[PDB]
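Peer 1:
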Amino acid sequence: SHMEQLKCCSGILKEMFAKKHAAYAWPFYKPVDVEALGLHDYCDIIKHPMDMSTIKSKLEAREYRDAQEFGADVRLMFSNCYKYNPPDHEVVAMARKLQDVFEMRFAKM
Ligand SMILES: CCS(O)(O)Nc1ccc2c(c1)-c1cn(C)c(=O)cc1OCCCCc1cc(F)cc(F)c1O2
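Residue numbers (the entry's author numbering): 349 to 457.
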């Protein structure tokens, strides 16, 4: 059932927030602060922004029908990072390391 699927999704996000992955997961914790980072072109490039706190809030509010909808927002968060930032940038390599953790956990359910 989708009820048991969403419970596993809470567990995946819990690992993503844990101190174990904190070294590369921290730039995805809260929404991208465009004013603090000085990213003048971020809103023009990224139409649908996403972060781990928004996914955590949408999960508690039962905004996802199934595990696929949760995975769609998690992948949107990574896809936005790959689209905006340069390929050689630090945050892109951090996104790949966090996605390695997500893809492995998301597949094993
Ligand atoms: C917690 C959300 S925040 O409050 O906005 N903090 C926050 C801090 C640093 C960030 C990001 C966000 C960030 C994240 N993501 C996913 C993006 O697509 C774009 C970003 O900014 C790019 C410009 C800064 C360059 C940067 C340089 C480094 F050496 C490490 C990074 F992690 C960097 O990136």
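Note that beta-carbon positions come from the ideal geometry of N, C-alpha and C, so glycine has one too.
1. First and last residue of the alpha helix (DSSP H) that includes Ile-360?
2. Where does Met-452 land, buried or exposed, given buried means 16+ other C-beta within 10 angstroms?
3. Are the stretch 419 to 427 and the stretch 441 to 451 touching by the rule of at least three beta carbon pairs closer than 8 Å?
4. Going straight from the alpha carbon of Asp-414 to that of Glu-383, what length do you get?
5. Would you mind working out which of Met-400, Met-351, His-350 and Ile-360 sits nearest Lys-456, comparing C-alpha positions?
Peer 2: Concretely, from the data shown:
1. Taken as a continuous stretch (DSSP letters only), the alpha helix (DSSP H) holding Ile-360 covers 350 to 365.
2. If you draw a 10 Å sphere on the C-beta of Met-452, you find fewer than 16 other C-beta atoms in it, and that means exposed.
3. With a cut-off of 8 Å on Cβ pairs, the stretch 419 to 427 is in contact with the stretch 441 to 451, counting three or more such pairs.
4. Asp-414 and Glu-383 have their C-alpha atoms spaced approximately 34 Å apart.
5. Proximity to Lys-456 across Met-400, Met-351, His-350 and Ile-360 peaks at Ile-360, based on C-alpha coordinates.
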